[PDB]
Amino acid sequence: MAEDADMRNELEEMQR
Amino acid sequence: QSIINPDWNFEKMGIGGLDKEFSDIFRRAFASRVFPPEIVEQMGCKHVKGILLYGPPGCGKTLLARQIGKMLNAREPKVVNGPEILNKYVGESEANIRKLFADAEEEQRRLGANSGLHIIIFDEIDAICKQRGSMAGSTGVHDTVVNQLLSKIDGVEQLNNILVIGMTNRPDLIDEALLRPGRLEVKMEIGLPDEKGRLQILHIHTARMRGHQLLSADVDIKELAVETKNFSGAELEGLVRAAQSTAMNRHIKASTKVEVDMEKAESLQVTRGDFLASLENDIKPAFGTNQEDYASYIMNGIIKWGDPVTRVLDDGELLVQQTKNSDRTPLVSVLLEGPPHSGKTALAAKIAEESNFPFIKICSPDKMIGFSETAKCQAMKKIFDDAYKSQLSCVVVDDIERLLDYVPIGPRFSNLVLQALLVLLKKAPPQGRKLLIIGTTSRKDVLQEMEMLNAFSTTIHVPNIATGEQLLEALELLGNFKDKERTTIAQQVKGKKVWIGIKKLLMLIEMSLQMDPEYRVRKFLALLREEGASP
Amino acid sequence: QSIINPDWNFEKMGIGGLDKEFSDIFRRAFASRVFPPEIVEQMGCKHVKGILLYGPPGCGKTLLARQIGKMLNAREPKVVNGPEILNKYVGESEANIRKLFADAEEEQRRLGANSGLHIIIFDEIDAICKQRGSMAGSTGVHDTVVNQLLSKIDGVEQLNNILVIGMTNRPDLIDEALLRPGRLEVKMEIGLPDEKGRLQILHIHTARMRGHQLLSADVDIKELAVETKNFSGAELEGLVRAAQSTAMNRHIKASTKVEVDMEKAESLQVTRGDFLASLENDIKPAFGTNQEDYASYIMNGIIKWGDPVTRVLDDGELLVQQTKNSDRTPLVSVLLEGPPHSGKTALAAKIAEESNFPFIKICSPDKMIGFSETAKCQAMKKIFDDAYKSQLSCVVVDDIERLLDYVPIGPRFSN
Amino acid sequence: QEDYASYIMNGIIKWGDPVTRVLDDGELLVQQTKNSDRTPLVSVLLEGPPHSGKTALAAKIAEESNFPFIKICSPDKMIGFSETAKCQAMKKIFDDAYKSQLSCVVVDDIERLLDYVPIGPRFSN
Ligand SMILES: Nc1ncnc2c1ncn2[C@@H]1O[C@H](COP(=O)(O)OP(=O)(O)OP(=O)(O)O)[C@@H](O)[C@H]1O
Ligand SMILES: Nc1ncnc2c1ncn2[C@@H]1O[C@H](COP(=O)(O)OP(=O)(O)OP(=O)(O)O)[C@@H](O)[C@H]1O
Ligand SMILES: Nc1ncnc2c1ncn2[C@@H]1O[C@H](COP(=O)(O)OP(=O)(O)OP(=O)(O)O)[C@@H](O)[C@H]1O
Ligand SMILES: Nc1ncnc2c1ncn2[C@@H]1O[C@H](COP(=O)(O)OP(=O)(O)OP(=O)(O)O)[C@@H](O)[C@H]1O
Ligand SMILES: Nc1ncnc2c1ncn2[C@@H]1O[C@H](COP(=O)(O)OP(=O)(O)OP(=O)(O)O)[C@@H](O)[C@H]1O
C-alpha cells in the first residue's frame, strides 16, 4: 500500500 | 467618442496568418459598440462579455491579447499572472477576486449606461478554474474561488461594461458552467499556419533589416517559406534570430580578450549561407516527421537496377492521385508484399515522401520496445487521431508481423492489436477529409489466414534479383569492382540464374572486400554460390 | 560599461575538453550584447533568455554554470538548490517563485534599456518542472508552480534583462511548453571526452604540482591519457588525488601515537608507481572496462590443442576489422554455435577482449535470477541504451536459450 | 440524434427487387412491435456476404420508424477496451433504452464485437 501523499494546510488568524 | 484610437491601423499590430480569426472576433465582440446606439436600443440586445483562446504552445495567443488591449480606447487593463490570488488566510482569495470588479460596479451605478469599458485579462486561467469536486486535498479554497467567480460574472446584479479574456492550453479541464453563453461565448482555436501564413510571418520579422539595407540581395523569402514546414511563429522568429547572430559573430575575437573590429562591423550583411547553416544545426521543429527520419529509413538511397523499381513507383503515384482527387472514396489502403531482404520499407518511405501531403507519419515497432499490449494499442490510436484533425493525411505501418507478436510455434499472437487494426482499417475520417494508409509485410499467407488481406484495397509485389544481367547492372551502378574483375564475374554468372535480395548484396560485398586484393573475386563467388537459390 | 569583466581570460576558467560547446553557447547567448548598441537597435532583435545543459553524471555541468556566472560583470547570481521553494501553507510556494523576479522588474521599469543583467540558476530543475497531467483526475501534485514559472518567464509584460540556466540528468521529463524557442532556446549535451580532452584535463589538474617541482621526471602524461579510456572528468581528478594521498602516506606512522617525520617531508615527490597502484585498486570507471570479468569468464585460459581454435579466432579478427573500417554497414552480428561443453563462451570473451574497443559489456542470465519477463526486457534495454553513447561498442549475449526460458516439454518459452 | 450521414454516405439506389423486399419486411416488423401486447420484445437478424450493405439498410430501416428513442452501438468507439468495458457500455445503453415507452436498438458487426479469429479459434466469453 502506497502511503498517503502530503497535504497543504489552512490557517486562521486571531486578534488580541 | 469612439472606442478605437484614431491612430489605429491593422498593419501596425504586427500579426500575420490570423485574418479570419480576428475578423470573427471583431464581428462577434465589438460590432455592437461601434454601431450607432439608437438602433441598438430599438433592437434591445445585451453586449458580449467573454472570450476564450486555446491552442498548442507558441502560436500567438498572448500577442492577440496584448494587441487587443492596446487597440481599445479605455482604462488600462488589469492583468492576472497565473495563480496570484491564492492566500494562506481564510476568505482572502475571495476578497482578492472581488477587488477586481469594484471600479466597474461603481461606474455602472454612478453613470449608468453612459460609462466606459473595463478590460480584465486572465493568463493561464486553467490554474484557478477547474471543474468543481475533483481535488482530493485543499479543495476547500478552489471550489469557493470558482463559485465566487461564477457569481460575480453573472449574478443578481447586472453589469454591462466589462470584458474578460482568457488563454489556456488545456480547454477540456475548465468548468462547464463557466462556458455557457452569457459568460464566455466566443471560443477560438489558434493553430499552426499554412504556407501563406508562414510567408506573411517571415515578411513581418524582416522589415527593419530590409529598410536599413542590412539584408543581402541573394536571400529569397519564398524559398524559405516553402522549405520551413510544420514551423510555428516562435520557431520562425528563432530562426531569424540565429541567422542574425551567425553574421555578428564574424567580427569578434574571443580567443584571449574579447575584442571587436569596429572597422569592418560597418558593411555587415546577412547572406543565404547563414540561413542554411542555422536551419541544420540550431533550430528543429517539434512536430511531424523531418529529415532525420528519412535519413535513417532510407540509408543507401534508391538505384534503378531493373524495370520493377519504376513499376512500383508508377503504381504508387496512381493511388496518391486517386486519393487526392476522388470524393466517393475518402479512404484508401494498399499492401506492399515480397520476400525478405527485398527493400519494402525504403520504397514505402520514398512514395510517402514524394506524396507531398501536409501530414506524414511513420509507425514502427522499434519505438515501442518492451511495451505491453494496451500501451501498443494506445500509441497507435494517438497517431491515428492526429491525422483526423488534418485535411489530407498519409500514414505508414511497417513490419506488421512484428507489430503483433507472431511466432510459428503455437502459433501465438496478440489478439487485441489485431482487432484494433481490423477496426481502424475501415474507419473513415470526418467529412471533407482524406487519408491514405500504406502497410508492409513479408508473410502474406499468415495475414490471409487471419482474414486481414480482404480489408486492404490492393497489393503490390516487390520481387528479387533474378538474372545475371541485373546483378551486373547493380554492380556497375555501385562501382565496387573494376572492368577486369567484372569480366571474370560475368564469365561465371551469365550461364546461371541468381536469387538474391538487394539488402544482402551490400553485405556480401562488404564481407568480400576485407580479403587481400588477390582473393576478393574468389571469396565473393564462393559466398554467392553458398547462398544458393529457391525461387 | 562592458558586460565582460576587463580581466577575464579563457585559460583562467580551467575547463578542458569542451571548446566547441562553449563557442556555441557564447555565439548564441552573448553575441548580441558585445556588438555596438546602435546597429543592434537597427536590426530590432531581442536577446536570448535561456540555457539548458543535460548529460550523464560527473561531466562538468555545475562547473560550467559557475564559471559562466563568474565571467560576467553583473550582480551576484541567485541560486536555487533543488526543491528549496516548497512550503506547506497554501499560496506560499508561488510567492517564493514571484520573489525571484522583483529586482529585474523594478530595474526594467526605472532604467529602461540601460539596465544591467540578472542571472538565475536552477540546479536539479526536473524536481519542480515535471509535465502537467492534462487529464481530469490525475492533476499533478504541483502544477500551480509550473504555471507561475511559465507566466513569469514570458508573459503579458516584457522583460529584456534576465538570463536563466538549468541543469538536469533526465531531460525527457521536463514540460514541453518550457522548452520552446521563446523560453529555453539553447539546449546542450555534455558527454564523455576523447583522448585530447583527457590530456587537456590532466594538464589542468597537474599544472600546479609541476610548478613547485613536486612531480617526478619519470611521469609521462601522454601514456596516462592513452591508458585512461572512457573516463569522466571527475574520475581523472580522483585518480590524481589518490596518487597524491599515496605519496603523502609514506612519511606518517599511525599504529601508536601519530607522528610525522618532518625531515624527509621536504624531499617529497610523486612517482609513477603511485599512479599505477591507484589505477588498479582505487578508481573503477563506469563506462569503461575492468579485467575482473575476463578472469571470471576465461577462468582456465585458452590452449591451442588443434587447428579449429585458430580458425575461430581468425574469423573474429576479420569481423572486427570489417565492423571498424566500414561505412555502409554500421551494424554486424554473428552467432557461435556448437555442442555442449565445447567451450564457446570463453572464445567469445577472448575475441571481445582482443577487439580493443573502448566499451565492452557482457549480458548474462547470472544477474537475472527470479526476474519476470518485463524486468529482463528492461535490463536488456538499459545495456543497449548505454552502448549507444560511444563511438565503438561491442556486446555479448550468452546462453540465449536460458534467456528465453526454453523447455522441450510443450514447448514453453517467453515470447 | 444519431449521425445517419456517417452510416449512409452514398444513399440508397433501387437496383433490384430485394431492396424493396427487405424494406417491406422491416416495415412489417416495426408495425408488429408497435401494435402488439403479447410480445413486448422482438428481435431480427440481417445476414449476407461481405460488401453487401447491411449496415446502411439497417440504419435506413431504423430511421424510417418514428420511435422516440433510437441508438446504434458500434465497435468503432470501443478501441483498446477490455472485455469488461464493453459489457459496461452495453449495459448502460440498454438501461437508457429501458426508460422510454418505445425503444429501438441496433447492434452491428457482431463478430467484431466478440473478438473472433478463426485460428484456434478465439473469442471473449
Ligand atoms: N502569428 C504570429 N505572428 C507573428 N509573430 C508571432 C506569431 N505567433 C507567434 N509569434 C512570435 O512568437 C512570440 C511568442 O508567441 P506568444 O508568446 O504570443 O505565444 P503563446 O501562444 O502565448 O505561447 P504559450 O502557449 O507558450 O504561452 C510572439 O511574441 C511573437 O514574437
Ligand atoms: N532500389 C532499392 N530499393 C530498396 N532499397 C534499396 C535500393 N537500393 C538500395 N537500397 C538500400 O537497401 C536497403 C533496403 O533495406 P530495407 O530495410 O528497406 O529492407 P526490408 O526488405 O524492408 O527489410 P527486412 O527484410 O530486413 O525486414 C536500404 O539501405 C536501402 O537504402
Ligand atoms: N570538463 C571538466 N574539466 C575539468 N574538470 C572537470 C570537468 N568535469 C568535471 N570536472 C571535475 O569534476 C568536478 C565535479 O564535476 P561537476 O560537479 O561539474 O559535475 P556534474 O556533471 O554537475 O555532476 P552531477 O551530474 O553528478 O550532478 C569538477 O568540480 C571538476 O573538479
Ligand atoms: N582452447 C580452449 N577453448 C575454450 N575453452 C578452453 C580452452 N582451453 C581451456 N578452456 C577452458 O574451458 C572452459 C570452457 O567452458 P565454457 O563455460 O566456456 O563452455 P560452454 O560450452 O559455453 O558451456 P555450457 O555448455 O556448459 O554452457 C573454460 O574454463 C576455459 O577457460
Ligand atoms: N442500394 C444500396 N444498398 C446498400 N448500400 C448502398 C446502396 N447504394 C449505395 N450504398 C452504399 O454502399 C456503401 C456500402 O455499405 P456498407 O458500408 O454499410 O456495407 P457493409 O455490407 O455493411 O460492409 P462490410 O462488408 O465492410 O461490413 C454504403 O455507403 C451505402 O451508402
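Numbers at a glance
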quantity	calculated
Amide H contacts under 5 Å for C:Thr168, placed H, 5+ residues apart	C:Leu53, C:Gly55
Mean separation of Cα contacts under 8 Å, 6 or more apart, over the residue count of the range C:68-195: relative contact order %	30
Spin-label model distance (nm) - B:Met13 vs B:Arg486, 7 Å beyond Cα toward Cβ	6.7
D:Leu29-B:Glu476 pseudo-label distance in nm [points 7 Å out on the Cα-to-Cβ vector]	6.9
Net lengthening on full extension, B:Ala95/B:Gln514 (0.36 nm per residue, minus Cα-Cα)	142.7 nm
Entries of B:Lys344/C:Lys344; B:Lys381/B:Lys434; B:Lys523/C:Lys389 with Cα pairs more than 25 Å apart	B:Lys344/C:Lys344; B:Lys523/C:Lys389
Histogram of C-alpha separations across the range B:465-523, 10 Å bin width, %	21, 60, 19
Taking only Cα atoms of the range C:266-334, radius of gyration then Dmax in Å	19.6, 61
Relative contact order %, chain B, counting alpha carbon pairs below 8 Å whose residues are six or more apart	12
Likely footprinting exposure, C:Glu94, B:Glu280, fewest C-beta neighbours within 10 Å first	B:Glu280, C:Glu94
Net dipole in debye of the range C:4-62 [+1 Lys, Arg Cβ; -1 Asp, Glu Cβ; about Cα centre; nearest 20]	240
Integer Hz, Karplus 6.51/-1.76/1.60 couplings in order for the range C:160-169, x for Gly and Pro	9, 9, 10, 8, 10, 10, x, 8, 7, 10
Residues C:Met368 and B:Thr467, FRET efficiency given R0 of 41 Å [Cβ-Cβ distance, rounded to 0.05]	0.25
The range D:1-44: C-alpha gyration tensor shape, a/c 1.5 cut-off, then a/b vs b/c	oblate
Kirkwood Rh and Cα Rg combined as Rg over Rh, evaluated for chain B	1.09
Where labels lie 7 Å past Cα in the beta-carbon direction, separation of B:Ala177 and C:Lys284 in nm	6.4
Cβ-based exposure ranking for B:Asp315, B:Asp327, B:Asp19, in which fewest neighbours within 10 Å come first	B:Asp327, B:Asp19, B:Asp315
Rounded Å value of the spacing that divides the Cα centres of chain A and the range C:150-210	37
Under 12 Å, Cβ to Cβ, from C:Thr329 - net charge with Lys/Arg +1 and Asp/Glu -1	+2
Pairwise centroid distance, computed over Cα atoms, of the range D:92-125 with the range C:44-67, Å	58
With eigenvalues of the C-alpha gyration tensor scaled by 5 and rooted, the range C:135-249, Å	47, 17, 14
Relative contact order (%) - chain D, alpha-carbon pairs under 8 angstrom, separation at least six	24
Prolate/oblate/rounded call for the range C:280-411, Cα gyration tensor, a/c under 1.5 rounded	rounded
Modelled FRET efficiency - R0 41 Å, B:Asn356 with C:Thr310, Cβ distances, 0.05 increments	0.10
Overall form of the range C:80-178 per C-alpha gyration tensor (a/c, 1.5; a/b vs b/c)	prolate
Share of pairwise Cα separations in the range D:30-84, more than 13 Å, in percent	74
Nonlocal amide H pairs with D:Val117, under 5 Å, H built at 1.01 Å	D:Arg122
Over 18 Å (Cα to Cα) - which of B:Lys304/B:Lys350; B:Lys88/C:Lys99; B:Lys257/C:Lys70; B:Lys196/B:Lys222; B:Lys187/B:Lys382; B:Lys61/B:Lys130 fall in this group	B:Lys187/B:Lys382; B:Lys61/B:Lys130
Cα long-axis angle, helix B:195-204 against chain B (0 to 90 degrees, to the nearest 10)	60
Kirkwood Rh in Å, taken over chain D so that all alpha-carbon pairs contribute	16.5
Estimated dipole of chain B in Debye, rounded to 20 [Cβ of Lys and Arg +1, of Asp and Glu -1, Cα centre]	420
Signed unit charges on C-beta, dipole axis of the protein assembly as shown, positive-most listed residue C:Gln244, B:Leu100, C:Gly69	B:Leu100
Convex hull volume of the range B:390-495 per residue (C-alpha atoms, cubic angstrom)	187
Residue order, fewest to most surrounding Cβ atoms within 10 angstrom, among C:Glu76, B:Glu401	C:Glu76, B:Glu401
Around B:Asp282: net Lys/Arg minus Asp/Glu count, Cβ-Cβ under 12 Å	0
Loop GluC sites (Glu not before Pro), the range D:17-121 (other Cβ atoms within 10 Å of the site Cβ: 15 or fewer; DSSP)	D:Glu47, D:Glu83
Rounded to the nearest 20 debye, dipole of the protein assembly as shown from Cβ charges on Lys, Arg, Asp, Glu	700
Per-residue ³J(HN,Hα) for the range D:42-49, Karplus 6.51 cos²θ - 1.76 cosθ + 1.60, θ = phi - 60°, Hz, x for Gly and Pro	9, 9, 7, 10, 9, 9, x, x
Over the protein assembly as shown, equivalent-ellipsoid semi-axes from the Cα gyration tensor in Å	55, 50, 32
Under the Karplus curve 6.51 cos²θ - 1.76 cosθ + 1.60, θ = phi - 60°, whole-Hz ³J(HN,Hα) for the range D:108-125, x wherever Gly or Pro sits	10, 6, 4, 5, 6, 7, 9, 6, 8, 9, x, 8, x, x, 9, 5, 9, 6
Loop-located chymotrypsin sites (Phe, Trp or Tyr not before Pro) in the range D:1-80 whose Cβ has at most 12 other Cβ within 10 Å (DSSP)	D:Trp15
Chain lengthening between C:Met248 and C:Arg208 when straightened (0.36 nm per residue, less Cα-Cα)	12.7 nm
Whole-angstrom gap from the range B:355-403 to the range C:254-300, using each part's C-alpha centre	55
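Bear in mind that the values in this text are calculations on the coordinates, not laboratory data. Note: ideal-geometry Cβ built from the backbone for every residue, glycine included; neighbour counts use all protein chains shown.
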